[PDB]
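Novice:
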Amino acid sequence: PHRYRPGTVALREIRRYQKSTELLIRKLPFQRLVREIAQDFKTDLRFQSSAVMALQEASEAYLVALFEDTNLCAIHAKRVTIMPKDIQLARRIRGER
Amino acid sequence: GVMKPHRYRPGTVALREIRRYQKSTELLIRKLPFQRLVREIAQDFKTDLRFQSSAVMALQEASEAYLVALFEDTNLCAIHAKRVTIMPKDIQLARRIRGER
Amino acid sequence: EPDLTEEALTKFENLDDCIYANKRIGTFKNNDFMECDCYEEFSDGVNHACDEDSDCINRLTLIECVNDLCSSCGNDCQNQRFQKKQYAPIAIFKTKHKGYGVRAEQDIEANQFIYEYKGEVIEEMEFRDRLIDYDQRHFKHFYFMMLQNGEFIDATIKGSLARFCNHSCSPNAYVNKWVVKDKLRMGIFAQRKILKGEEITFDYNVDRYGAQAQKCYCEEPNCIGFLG
Amino acid sequence: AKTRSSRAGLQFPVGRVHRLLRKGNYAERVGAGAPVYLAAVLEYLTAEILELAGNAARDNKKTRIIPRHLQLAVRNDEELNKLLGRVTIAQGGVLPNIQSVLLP
Amino acid sequence: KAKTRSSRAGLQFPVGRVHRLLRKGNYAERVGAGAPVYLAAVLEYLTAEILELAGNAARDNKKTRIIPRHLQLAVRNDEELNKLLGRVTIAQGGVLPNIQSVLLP
Amino acid sequence: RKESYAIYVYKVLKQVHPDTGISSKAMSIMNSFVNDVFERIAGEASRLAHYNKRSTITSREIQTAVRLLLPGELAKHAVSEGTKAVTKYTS
Amino acid sequence: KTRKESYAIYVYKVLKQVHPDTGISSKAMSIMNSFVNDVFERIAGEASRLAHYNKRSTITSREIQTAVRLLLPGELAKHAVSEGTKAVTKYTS
Amino acid sequence: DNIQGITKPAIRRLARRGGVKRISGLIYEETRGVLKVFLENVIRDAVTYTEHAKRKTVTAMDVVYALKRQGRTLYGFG
Amino acid sequence: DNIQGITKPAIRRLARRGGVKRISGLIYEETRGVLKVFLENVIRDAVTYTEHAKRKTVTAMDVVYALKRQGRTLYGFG
DNA sequence: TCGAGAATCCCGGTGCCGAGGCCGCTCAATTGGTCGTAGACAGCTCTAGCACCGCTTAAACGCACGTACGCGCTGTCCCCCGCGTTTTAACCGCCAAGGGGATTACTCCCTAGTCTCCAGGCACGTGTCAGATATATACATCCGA
DNA sequence: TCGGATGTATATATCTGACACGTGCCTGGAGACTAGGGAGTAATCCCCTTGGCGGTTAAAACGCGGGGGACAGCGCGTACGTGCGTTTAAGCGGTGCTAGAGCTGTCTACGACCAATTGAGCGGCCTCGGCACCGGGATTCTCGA
Ligand SMILES: C[S@@+](CC[C@H](N)C(=O)[O-])C[C@H]1O[C@@H](n2cnc3c(N)ncnc32)[C@H](O)[C@@H]1O
Ligand SMILES: [Zn+2]
Ligand SMILES: [Zn+2]
Ligand SMILES: [Zn+2]
């Protein structure tokens, strides 16, 4: 009957994934997603091994840079929980949609 | 005496001015204090300069659009904060999300 | 009895259009006709475009809608309550000690137009002489109204039916201002649901400076005793 | 002496565009169909901008195109607002809009 | 003998390669003589300025080789290098450790 | 002398809307627009010609620059009008 | 096959001069090469724009100095201009 | 249907790297939509460069040029 | 003190153009600071172009080129 | 105000693969000389920029008044987090076919450069209708006497 | 009733206004001709891409208790709205002077260009050391008492 208060494991994961630098999205589902949404532009394509890695690094950096501003919007709204209106605000101030 | 029954509620004249300055397209800052400000901040970079008129007009037309876009994004921040009044923390949030600071 | 209305039509001079002592009078200083944004037009039946519980920016900004200038809206609107003179049934009845107070005829709901205050428009340099001769001729009441910082509204000789209403410290009516083709016109709405047989009163907030301090006969538990 | 623009069937000039491609130091060699193609693209874009500006001018009963009409014609289209995203047009103003949480 | 312009100007980055890239980059018709020397000096100063902070981070994290994590830390811990490389994603670098003050108890 | 595009915008305007005019400030805005779009397409075509180790800007390079710079619906009509103009010129 | 030119050995010499005992991997060297190429293209494009605006044909050291002054922020631009001026002065005499 | 391959514990790890303490339940579909739009734009530009190059293999340099047009400037790949 | 020339009913007028209904009292000094930082960042590049062009007058094309470097293309002065 | 319990770092042994050094080989940087033209400098013109001054009047400021909303506080309920169990496909290792990217050689035809001819757009004067403006007299419209 | 002063405004005849048309011209665009070098095309080689299959387990999926934060409502009071008189300096004309932008000539020096040379830098092949990985013990933070 040993349990932690909710938040401690969350801060531990924040420290762990801000210390470690590695891939977070798995390689084969991301590669299948890239190939599936690449079938809509040209049939019978061919991909290298490093292009998928470059796409995954760019997507990871874009998503982390989005969630940082989203968390800042959630803090400015006097909340801790992130709602998708914070995502919409962070993408609308930046100039995307 | 003269009875005085009328007084405008706060908000009606404000929305009327919003419609007025969203319909009209003109200069909103006075020209000579803006020119004195530009010359004073340009004295610190190079002594004994000289300006045209179209350069100062280009500076003013840039500053107008910059400040109007800043107040639009700041009003969006204040609406997201479940308020109507704009605070300077909304300005700081807009400048930090935009990438200026 | 409604015969007092027919007597009052013989007392003063009733009018239907606004008159002025000068053509250049103090009006709204920015004339470019801010129009609305509603595109609805029910021209076959009844125009339900500019009505309450809607998004009419001219109604929310207190701006009259003009027929031959407001495009993409229609030809007739329910916001047009001054040019069409969509008035209320009125009956001038007697009071105890106030005089001839206007008492309501039927049930008037909240935020509903009753009758437009009309009359002459006078200049302050002429208003000084009007105050002097109306004071020395010893008239029983005063029938004036503030329009701007230097322009007043007279309704003694040439007035309307809204010049009779008395003062009370627990009112059921309020007065707004409207811009009707570069004209500042008055108007009396309703605060609450006015029932049958109730005298329609409103706050004067008069700032008098003469040699007479009148009294009030409202006798409600919110009064003071003086007039401003 | 037929002009090259009359041979191409366009209204924008072609030899001026070829001279600007040879002058601006973009490459060592310039082809023959590139100024015709680029003049056609510029003519189509200019015709689209002037068509929407004429529509915005007829929407206010005017006989002359003003930068306010240019601002409205750019900002009321989806693709032209994406093309001219961070471009400021002088004496143009902004689009009239009022938020829904501000109305009483 | 036959000296080089890099040894003549006292620099470590090459001068003939930069001059060839200026002549073949389609920037102008004519290229001066002091411009590749000046640009090689600027590039050498920027390379030394970033490798100083990279080596300081590698010494402070008790390592020897410089990895993209140390490059990311050396760029993002400086002010003017972060202002210069503001729209640059460095691969295998990660982010800075930063927890907001309203989240931790 | 001073080169501009002030008469060609007149020629396009008299074909798209005959009963109208245009001022001088709007003409300056249109000239700045034509110059900006010209410089962006020329720079994109120069980079596309440099990336393939070639020294010649062709209609294929300009078409690739148009498809990279303009959005979805507008670039298709631009490619169609440009291909029609090249076909009429080579016919 | 085909010779591939890179800035690896020169950044390695700068690293061995600025630190006596410090190594570097291949990925960090690729990032350094891409950084040198990016700053080279930025300064060369800005100098080309400066030479085109003034109706010139020759890119001298003045256009490179003005491009460095426009592109590098604050204190770094002053030291870059000083080191480049020292290098041009040493190359002249 | 490979957009569901971006699992729930992966967006959670991306948020923990971003610094998020608590995540709601409507974040994941919006995150998948944003990722889909961004990847469609970058893959559209990369396939445009590949079709211009008259090839069939999408190299890493096409991806670097597609990110350079967007303003990303990825270092480390060519 | 020419920064006080940006008066109180001018920032309010800019906010009324921007669609602002109600304004606090700590907005004006922040707006003056933002305008001063932006104008210094543009005037520095304009004076740099003027010093490079061997002139002593700051023309409009230098301002247009500075705004082009800032990422804000201005039409109507070229 | 603290002891079980779970992470977390220090230290030591194993080990393995990749940064660095060495050597051979093409090739582009270097040096020398010739030659074509880019702009450095001096000079002349003339034009907007700066400075000053008088007049008018529209915008800013200080103060009075008030009322509407920002924020502190309390309840509540619901939904996301920590933990345990079950499933499942990702990572790795391995082999096999093959298809297109890079290279080399050959051939061709497209465009830069040159010369001559000529006509088209840029200034430079004229002409507009929209928007007003100097006499003046009918049509009323009042102000003494 | 009689004498005297006045707003409106079209008949007649005039003063800006920013754009919309007849000519002079000269400088840039168009028509042949030649040479050569960039570009198109066929063949070859291999090496990187794609596809299949088996074993293992880290990680994804699924329930379940609960507790802490998002959301709804109430009350306080202050601070930012509207208005009025006062003050202040922003427009708006007119004149004067001049530093400095803009346009021409001379020709000196600085970079383009080609041939020979050789030291400089890219590529293949060891090699030993620094960081990857695992086991044991001491250290540090958590949470119900
Ligand atoms: C309805 S009108 C005149 C009333 C009545 N018809 C008369 O002839 O006296 C408004 C006037 O009534 C007067 N009045 C208003 N409230 C009053 C009151 N409570 N008691 C007595 N007179 C009042 C005001 O002075 C105002 O001038
Ligand atoms: Zn309406
Ligand atoms: Zn209406
Ligand atoms: Zn009373």
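Chains as they are written, first to last, in our numbering: chain B, 47 to 143; chain S, 513 to 613; chain D, 60 to 287; chain L, 19 to 122; chain W, 651 to 755; chain V, 1059 to 1149; chain F, 15 to 107; chain P, 207 to 284; chain A, 207 to 284. Every residue, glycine too, gets a C-beta built ideally from N, C-alpha and C.
From what residue to what residue does the alpha helix (DSSP H) around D194 (chain D) run?
Specialist: 183–195 is the span of the alpha helix (DSSP H), which, as asked, contains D194 (chain D).
Novice: Are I247 (chain D) and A270 (chain D) touching if we call contact CB-CB under 8 Å?
Specialist: Contact flag unset, no.
Novice: Based on the DSSP secondary-structure assignment, which residues constitute the bridge partners of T263 (chain A)?
Specialist: Per DSSP, S:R562.
Novice: Please report the distance separating the alpha-carbon of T697 (chain W) from that of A252 (chain A).
Specialist: Approximately 29 Å, taken between the alpha carbons.
Novice: For chain A, is any of its Cβ atoms less than 8 Å away from the one on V514 (chain S)?
Specialist: Not an interface residue.
Novice: Quick one: list the residues of chain B neighbouring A741 (chain W), beta-carbon separation under 7 Å, in chain order.
Specialist: Within chain B, the residues near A741 (chain W) are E103.
Novice: Look at the alpha carbon of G282 (chain A) and the alpha carbon of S536 (chain S), and state the distance between them as a whole number of angstroms.
Specialist: Cα-Cα distance, rounded: 19 Å.
Novice: DSSP three-state label for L280 (chain A), please.
Specialist: Strand.
Novice: Between which residues of its own chain and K104 (chain F) is the CB-CB distance below 7 Å, once the five residues before and five after are set aside?
Specialist: Cβ neighbours of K104 (chain F) beyond the five flanking positions: none.
Novice: Tell me whether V112 (chain L) sits in a helix, a strand or coil according to DSSP, three-state version.
Specialist: Reduced to three states, the DSSP call for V112 (chain L) is coil.
Novice: I need the straight-line Cα distance from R673 (chain W) to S62 (chain F), nearest angstrom please.
Specialist: Rounded to the nearest angstrom, the two C-alpha atoms are 12 Å apart.
Novice: Just to confirm my understanding: we take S227 (chain D), look at its own chain, exclude 5 residues before and 5 after, and list those with CB closer than 6 Å. What are they?
Specialist: If we look at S227 (chain D) and ignore the five residues flanking it on each side, its Cβ neighbours are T260, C277.
Novice: Which residues bound the alpha helix (DSSP H) around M129 (chain B)?
Specialist: Element bounds for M129 (chain B): n/a, residue is neither H nor E.
Novice: Taking C-beta to C-beta, are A221 (chain A) and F583 (chain S) nearer than 8 Å?
Specialist: Yes, the Cβ-Cβ distance between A221 (chain A) and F583 (chain S) is below 8 Å.
Novice: For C228 (chain D), is the beta carbon positioned less than 7 Å from some heavy atom of ligand 4?
Specialist: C228 (chain D): yes, Cβ under 7 Å from ligand 4.
Novice: Rank D:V239, D:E257, D:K274, D:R267 by C-alpha distance to the C-alpha of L128 (chain D) and give the top, closest one.
Specialist: Ranking the options by Cα distance to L128 (chain D), first place goes to D:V239.
Novice: When you compare the segment 709–726 of chain W with the segment 738–748 of chain W, are there three or more beta-carbon pairs, one atom per stretch, that lie closer than 8 Å?
Specialist: As far as the Cβ criterion goes, the segment 709–726 of chain W touches the segment 738–748 of chain W, which means the pair count is three or higher.
Novice: Report yes or no: is there a C-beta of chain B within less than 8 Å of the C-beta of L588 (chain S)?
Specialist: At least one chain B Cβ lies under 8 Å of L588 (chain S).
Novice: Count the other CB atoms within 10 Å of the CB of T81 (chain L); is the residue buried (16 or more) or exposed (fewer)?
Specialist: Flag for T81 (chain L) reads exposed.
Novice: So does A108 (chain D) have its beta carbon nearer than 7 Å to some heavy atom of ligand 2?
Specialist: Result yes, Cβ under 7 Å from ligand 2.
Novice: For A252 (chain A), name the three-state secondary structure that DSSP assigns.
Specialist: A252 (chain A) falls in the helix class under three-state DSSP.
Novice: CA-CA distance, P61 (chain D) and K214 (chain A)?
Specialist: Computed Cα separation, rounded: 57 Å.
Novice: Restricting to Cα atoms, I'd like to know which of D:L190, D:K144, D:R196, D:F141 is closest to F211 (chain D).
Specialist: Comparing Cα-Cα distances from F211 (chain D) to each of D:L190, D:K144, D:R196, D:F141, the minimum goes to D:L190.
Novice: Please state whether DSSP places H518 (chain S) in a helix, a strand or coil.
Specialist: Correct three-state label for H518 (chain S): coil.
Novice: Rank S:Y520, S:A574, S:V580, S:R548 by C-alpha distance to the C-alpha of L280 (chain A) and give the top, closest one.
Specialist: For the residues S:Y520, S:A574, S:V580, S:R548, the minimum Cα distance to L280 (chain A) belongs to S:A574.
Novice: Are any of the Cβ atoms in chain A nearer than 8 Å to that of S1082 (chain V)?
Specialist: With 8 Å as the cut-off, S1082 (chain V) does not count as an interface residue toward chain A.
Novice: Are the CB atoms of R22 (chain L) and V32 (chain L) within a distance shorter than 8 Å?
Specialist: Yes, these two residues count as a Cβ contact at 8 Å.
Novice: With DSSP as the reference, label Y108 (chain B) as helix, strand or coil.
Specialist: In the structure shown, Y108 (chain B) sits in a helix (DSSP, three-state: H, G or I).
Novice: Any chance the CB of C277 (chain D) is under 7 Å from a heavy atom of ligand 4?
Specialist: True, at least one ligand heavy atom lies under 7 Å from that Cβ.
Novice: Which whole-angstrom value is the C-beta distance of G98 (chain F) and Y677 (chain W), which I expect to be below 8 Å?
Specialist: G98 (chain F) to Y677 (chain W), Cβ: 18 Å. No contact.
Novice: Which residue marks the beginning of the alpha helix (DSSP H) containing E1131 (chain V), and which one marks its end?
Specialist: It spans 1130–1148 - the alpha helix (DSSP H) in which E1131 (chain V) sits, taken as one unbroken run.
Novice: What span of residues does the alpha helix (DSSP H) with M204 (chain D) cover, start to end?
Specialist: Run containing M204 (chain D): none in the alpha helix (DSSP H); it sits in the beta strand (DSSP E), 203–205.
Novice: Once the 5 residues before and after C115 (chain D) are set aside, which same chain residues still bring their CB inside 7 Å of it?
Specialist: Only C95, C97, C109, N138 meet the Cβ criterion.
Novice: How far does the alpha helix (DSSP H) with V25 (chain F) in it reach, from first residue to last?
Specialist: Here the alpha helix (DSSP H) through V25 (chain F) covers 22–32.
Novice: Helix, strand or coil: how does DSSP classify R244 (chain D) here?
Specialist: Looking at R244 (chain D) - three-state DSSP - the assignment turns out to be strand.
Novice: Does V1092 (chain V) come out as helix, strand or coil in the three-state DSSP assignment?
Specialist: The answer is helix: DSSP assigns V1092 (chain V) an H, G or I state.
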